[PDB]
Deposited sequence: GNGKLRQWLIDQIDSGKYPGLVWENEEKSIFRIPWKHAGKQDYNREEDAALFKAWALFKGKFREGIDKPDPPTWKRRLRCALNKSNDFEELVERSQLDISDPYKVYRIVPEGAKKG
C-alpha cells in the first residue's frame, strides 16, 4: 500500500532524471518534464526514463520479456498521479514543457 508517494520522492531525490527537480526548500512542490514523443526535442532515453522506471518498479514491464511501450508508461503514470490524493497538479503554473505537482500531507 502507498508505493507511489515514497517512490516518486525517491525518484526526485535520486537526481537520475534531469528536470525532475524540487521547486521550494520544504520539498513540497516539484517540476516534472512532460515532453511529447512526436516532437523533435524528444530524447527517447531521457524523456521516457521516469515512466519506464515506474513500469519496472511495479513489474508491469520486464526487460527482454515484454515489448517496450513508452506511451503506455506515460499514460499509466499520469492516470496514477491524477487519481492519487497525495499529489495535486498546479495548473496555473504548469520548448521544454513540464507539469508542477504539490504533495499534500
item	value
Chain regions without C-alpha coordinates, deposited sequence numbering	1, 96 to 99, 111 to 116
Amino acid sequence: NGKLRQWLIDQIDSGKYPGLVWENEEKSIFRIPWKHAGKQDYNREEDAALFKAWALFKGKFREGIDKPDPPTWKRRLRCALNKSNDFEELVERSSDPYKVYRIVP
From here on, numbers count along this sequence of modelled residues.
| query | finding |
| --- | --- |
| Selected stretch [higher average CA B-factor]: 47 to 55 or 32 to 40 | 32 to 40 |
| Relative C-alpha B-factor of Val21, binned into the chain's lowest, middle or highest third | middle |
| Chain-relative CA temperature factor third for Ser84 | middle |
| Chain-relative CA temperature factor third for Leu8 | lowest |
| Third of the chain, ranked by Cα B-factor, where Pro70 sits | lowest |
